[PDB]
There are 2 protein chains.
Amino acid sequence: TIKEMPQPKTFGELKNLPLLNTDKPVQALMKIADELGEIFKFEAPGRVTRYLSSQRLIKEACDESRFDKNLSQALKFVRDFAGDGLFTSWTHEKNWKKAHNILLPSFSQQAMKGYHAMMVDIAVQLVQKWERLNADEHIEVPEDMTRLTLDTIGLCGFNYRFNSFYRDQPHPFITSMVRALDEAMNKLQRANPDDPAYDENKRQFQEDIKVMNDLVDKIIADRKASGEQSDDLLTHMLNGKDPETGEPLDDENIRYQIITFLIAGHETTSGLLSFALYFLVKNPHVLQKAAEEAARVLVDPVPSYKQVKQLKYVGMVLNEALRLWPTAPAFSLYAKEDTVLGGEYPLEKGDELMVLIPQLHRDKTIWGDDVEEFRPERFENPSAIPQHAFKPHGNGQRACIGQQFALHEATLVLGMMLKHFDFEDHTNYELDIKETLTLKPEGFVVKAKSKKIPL
Amino acid sequence: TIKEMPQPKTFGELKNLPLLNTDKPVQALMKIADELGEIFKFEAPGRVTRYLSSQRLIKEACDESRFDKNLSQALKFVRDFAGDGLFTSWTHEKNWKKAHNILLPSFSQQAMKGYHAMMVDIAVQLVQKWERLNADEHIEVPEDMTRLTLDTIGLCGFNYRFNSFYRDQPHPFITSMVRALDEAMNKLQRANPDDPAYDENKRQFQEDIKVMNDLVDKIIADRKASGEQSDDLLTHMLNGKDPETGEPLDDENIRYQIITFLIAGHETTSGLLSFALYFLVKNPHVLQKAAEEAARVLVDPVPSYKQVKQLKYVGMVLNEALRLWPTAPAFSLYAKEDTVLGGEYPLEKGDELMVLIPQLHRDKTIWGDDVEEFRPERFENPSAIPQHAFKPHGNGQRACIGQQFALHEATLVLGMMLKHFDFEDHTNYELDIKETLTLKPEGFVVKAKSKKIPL
Ligand code: HEM
Ligand code: HEM
Ligand SMILES: CCCCCCCN1CCC[C@H]1C(=O)N[C@@H](Cc1ccccc1)C(=O)O
Ligand SMILES: CCCCCCCN1CCC[C@H]1C(=O)N[C@@H](Cc1ccccc1)C(=O)O
Ligand SMILES: C=Cc1ccccc1
Ligand SMILES: C=Cc1ccccc1
């Protein structure tokens, strides 16, 4: 029963490419999935992929014996500054497994215990900023979540203080990074990228790349000249040895990994925290339950590692926010051999797939009628959730290496936010999702009322 | 008997006015005093004044039966936004004595004790900022001292948080205030203030005035809507009764007092702290003595009121810094009746005098030959200082109402800085004194090496 899959509207020789000519391409692709269903073909000059939206098909795509990670066009563009770091390397490149082996211990339990104190440092800075607001001033949520998450990966990972809460404007790094990611998103729809109309884009792209690399140099210079014995992500990067090849990372790859972890280690966690707070103020009953947990668990002025591990309802709040709005909204795969998807769609070796995560997470056959509802209780029993229904961290050996880092940081920070403040959606904010490859609310503001609980 | 005053060089019908056509007019008058001596006449079209530099003549000018406070042209210009607040009112205006009676209690010892905790709040924010700098970053001294001092008067005086340490740029109030003070100083030398060349200056001046008043609006509304009860400077402004008239201040005068205290309550203290640190890093023997005291007295993570009172040598450092560079560097007087100054200079009722405080403080007949040297030991025994020899806070009933506030804040903060850091003049900074009517080092930077003492 070989089916022919739908395809959205075409534009002559540009095929489907102009459908990406929007500032919200992921949301546009979601609307297409709404209309075409669980699978549709998407073509551009010289390229074809297939967008998957159903758990029925995505569970087969997650078979690592059949499909391996593919670099989407977006990741190929980001590779211009992230190189063969963990996020933008092919599984078969030597530096993928080597860096994976070397950096996996930087996310062990004992590693997370070692990061905890510095995570608290930044979280306390966030709480103090908010305690110090005047009456009827408000919080710019994504902006402050980005301050927090960038500073956390800088300090925990590299012993470097971006000091984001000492800045009313974003750190230079953030400004360049957002611009580079803007350029990568926008370059996706360009039919003729070498047209001189984009000479300035190219110049600015390089400019933003040197800005990011300059900071990387500074981080590296300080560490090697330092006199403080550190044991963090940068330590493993400079000293760890791959058990297989016996080799450490070389300097070029280390630079790529730092860029990778500074970007990947904060941007999606700030999106997650922003969406979580959004859903909490829109669902006060859920906020209360989570606040009750926070008050009962966080009985000391400074949260401990053990206490964060007990914020289990906060944990399902974050998972439910990742279900509705997974902040890294897609990943790509290619067929390792000829194979047939779902018994209907044959693929040849090398054929590409796009996993459209926000649409997967809206599969009504999995989650039921109330799929648009924010109900953290959905996550009470992982054994009741079918395989590969929930993929906000990717799949298999190419899944998110920093998943536990993000969840620990976000659980800690949200727990402290709910311990220390009541929140008001004073503008009745209308959710507006900005796309920079990743997803984040734009213009989300709230008011906090202090519970006046000492730190 | 009757002597003729010297006068500096003239410019035809502009008389002496072009001598003020400089970005550093106080320093120019200072050099003129060095050439001409204890008194010189200064003429501009339509105006004459006499600049006094010796303690011999200044002690007579400080006789309140013979001379009263005059509004210099500088203060007349600043009155365009400070009105009949305490700094820019005539002694004979009803609102001077009324506001003085109402607000003096805000600066009593019991009020000082009540401001202390908030002063520590901002000081701790300063220390934490510097603790969090990375390897070989540096401190912009006048910029951070202005962050501290504005936030201190805002919090202590008005329970309002400017949150200047959350801004990498100057607070908008500071930008507009600096520009208005700049305009007021530059306006002093304009022979034709109505030349169209100044139309933009006037436009900008009005705009900076509005920025300043908008912030005043926020402070008043913040207080009026505040269900929390306070007992600070703004409380007395809004509720205190003058025992003489029995009246409280009216709304118009309240606005002028708030602008007056926001400016006069921080600008000159930022200058003092900046000059003090400058002299400390240029005089390591003195820095050592001051740091010894700070380390010995401030034995607790949170300094107490009593401990700040014990920082005697830190206090002498501050007074010696006020001796060399009094940051409000002049005040003006007029003759109440015909009188003879110093047995030699006849004055008519209404004749004006300018007290050049930096020159007073260099009178070798008072201080000895070493007047240019930074020697806090001069202040060891305060009864050794002759009357009217040391006047950084003005004179008599028109003296600085905030003297004790400024010295307590500055002693606390300088004490904490010396407790928590070693300082390095890593650029061998060359003193450059920016003039905005008030005086402050420009471009002064240092490196701080934490002593790693917990807060
Ligand atoms: C909620 C926050 C986060 C989300 C939703 C997220 C999501 C993902 C996803 C979906 C992938 C797979 C990408 C693909 O298949 O092309 C991935 C990979 C990765 N993530 Fe995360 N991530 C998060 C936080 C972090 C953090 C904090 C770090 C760093 C500490 C991190 C480091 C990485 C790295 C290095 C990879 C590449 C892993 C490999 O292939 O070896 N992520 N992430
Ligand atoms: C080291 C810092 C300071 C210096 C050097 C200083 C200096 C002076 C001087 C010289 C005068 C007399 C001006 C004249 O005769 O025209 C004065 C007046 C005044 N100062 Fe200060 N001052 C300082 C700090 C402060 C602070 C912190 C406040 C507010 C808390 C303040 C509030 C005032 C007020 C209100 C007046 C006018 C007093 C009146 O005439 O009733 N000053 N100051
Ligand atoms: C950085 C973490 C998130 C990355 C998610 C990237 C996911 N894209 C972010 C923007 C849209 C979405 C996507 O569908 N992209 C495709 C677009 C494409 C398909 C076919 C031909 C040409 C180009 C791609 O990049 O190949
Ligand atoms: C705000 C607290 C500090 C005030 C310091 C003021 C002190 N001036 C600050 C800059 C110079 C100095 C001063 O000598 N000014 C005179 C100028 C003047 C004199 C005679 C004729 C025309 C103009 C004045 O303003 O009258
Ligand atoms: C979100 C992850 C990421 C990783 C590398 C470059 C750009 C983005
Ligand atoms: C330095 C004190 C002051 C006071 C009012 C206006 C401008 C300056």
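Heavy-atom basis, side chains included; hydrogens, waters and symmetry copies ignored. In listed order, ligands and their atoms are each counted from 1. Chain letters run A, B, ... following the sequence lines, proteins first, then strands; residues in each count from 1.
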### Summary
Within 4.0 Å of some non-hydrogen atom of A:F87, the atoms of ligand 5 are 2 (C), 4 (C)
### Query
Regarding A:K187 and the six-membered ring of A:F77, is the cationic atom NZ or CZ under 6.0 Å from the ring centre and inside 45° of its axis?
yes
## Note on the structure
Restricting to heavy atoms, the pick from A:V26, A:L19, A:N70 nearest atom 11 (C) of ligand 3 would be A:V26
### Task
For A:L75 and ligand 1, answer yes if some heavy atom of the residue is under 4.0 Å from a ligand atom, otherwise no.
yes
### Task
Taking only heavy atoms of A:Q73 into account, list the atoms of ligand 3 that are under 4.0 Å away from them.
24 (C), 25 (O), 26 (O)
### A:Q7 side-chain N/O to A:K41 backbone N/O, donor-acceptor pair under 3.5 Å
no
### Query
Quick one: does ligand 1 sit under 4.0 Å from the side chain of A:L272, the backbone, both or neither, non-hydrogen atoms only?
side chain
### Message
Tell me whether A:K69 forms a cation-pi arrangement with A:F87, defined as NZ or CZ under 6.0 Å from the six-membered ring centre and within 45 degrees of its axis.
### Response
yes
### Query
With only distance considered, is A:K69 within less than 3.5 Å of ligand 1 through an N or O on each side?
yes
#### Entry: Closest protein heavy atom to atom 5 (C) of ligand 3, given as residue, atom name and distance to 0.1 Å
A:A330 O, 3.9 Å
### Query
salt bridge (charged side-chain N to carboxylate O under 4.0 Å, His left out) with A:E38: which of A:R56, A:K3, A:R50?
A:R56
### Task
Could you tell me whether A:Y51 and ligand 3 have an N or O pair separated by under 3.5 Å?
yes
### Message
If you compare all heavy atoms of A:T411 against all heavy atoms of A:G315, which two are closest, and at what distance to 0.1 Å?
### Response
OG1-CA, 4.4 Å
#### Entry: Partner set under side-chain hydrogen bond (donor to acceptor under 3.5 Å, both in side chains) for A:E348, not counting sequence neighbours
none
### Task
Taking only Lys NZ, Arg NE, NH1 and NH2, and the carboxylate oxygens of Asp or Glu, determine whether A:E337 and A:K349 approach each other closer than 4.0 Å.
yes
### Query
Does CD belonging to A:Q387 count more than 12 external heavy atoms closer than 6.0 Å?
no
### Query
Does ligand 1 have a heavy atom under 4.0 Å from the side chain of A:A399, from its backbone, from both, or from neither?
backbone
### Message
For the residue pair A:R190 and A:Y198, would you count it as a cation-pi contact if the rule is NZ or CZ under 6.0 angstrom from the ring centre and within 45 degrees of the ring axis?
### Response
yes
### Query
Heavy-atom count around A:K202 NZ within 6.0 Å, excluding the residue itself: above 12?
yes
### Query
Does an N or O from A:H100, backbone or side chain, lie closer than 3.5 Å to an N or O of ligand 1?
no
### Query
Which atoms of ligand 5 have any heavy atom of A:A264 under 4.0 Å away?
2 (C), 4 (C)
### Task
Give a yes/no verdict on whether any heavy atom in A:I263 is under 4.0 Å from an atom of ligand 5.
yes
### Query
To which protein heavy atom is atom 40 (O) of ligand 1 closest, and what is the distance rounded to 0.1 Å?
A:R398 NE, 2.8 Å
### Task
State whether A:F379 and A:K312 meet the cation-pi test: NZ (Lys) or CZ (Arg) under 6.0 Å from the six-membered ring centroid, and within 45° of the perpendicular axis.
no
### Message
Within this structure, what is the OG-CG distance for the pair A:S89 and A:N95, rounded to the nearest 0.5 Å?
### Response
7.5 Å
### Query
For ligand 5, which atoms have a heavy atom of A:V78 less than 4.0 angstrom away?
5 (C), 6 (C), 7 (C)
## Note on the structure
Going by the 4.0 angstrom heavy-atom rule, the piece of A:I357 near ligand 1 is neither
### Query
Using 4.0 Å as the upper bound for N to carboxylate O, is an ion pair formed by A:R203 and A:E207?
yes
### Residue pairs fulfilling salt bridge (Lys or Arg N to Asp or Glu O under 4.0 Å) with at least one residue in residues 91-118 of chain A, sequence neighbours excluded
A:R79-A:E93, A:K94-A:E247, A:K98-A:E247
## Note on the structure
If we number the atoms of ligand 3 from 1 as shown, the ones under 4.0 Å from a heavy atom of A:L188 are 10 (C), 25 (O)
### Task
Could you tell me whether A:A74 and ligand 3 have an N or O pair separated by under 3.5 Å?
yes
#### Entry: ligand 3 atoms in contact with A:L20 (distance to a heavy atom under 4.0 Å)
17 (C), 18 (C), 23 (C)
### Message
Give me the residue, atom name and distance of the protein heavy atom closest to atom 7 (C) of ligand 1.
### Response
A:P392 O, 3.3 Å
### Message
Both conditions, 6.0 Å and 45 degrees, for the charged tip of A:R362 above the ring of A:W367: are they met here?
### Response
no
### Query
Can you count the protein N, O or S atoms that lie less than 2.8 Å from atom 21 (Fe) of ligand 1?
1
### Query
A:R47 near ligand 3, heavy-atom distance under 4.0 Å?
yes
### Query
Quick one: side-chain contact (heavy atoms from CB on, under 4.5 Å) partners of A:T327, sequence neighbours excluded?
A:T268, A:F275, A:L322
### Query
Near A:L29, which atoms of ligand 3 are under 4.0 Å from a heavy atom of that residue?
14 (O)
### Task
Identify, by atom number and element, the atoms of ligand 1 in contact range of A:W96, meaning under 4.0 Å from any of its heavy atoms.
39 (C), 40 (O), 41 (O)
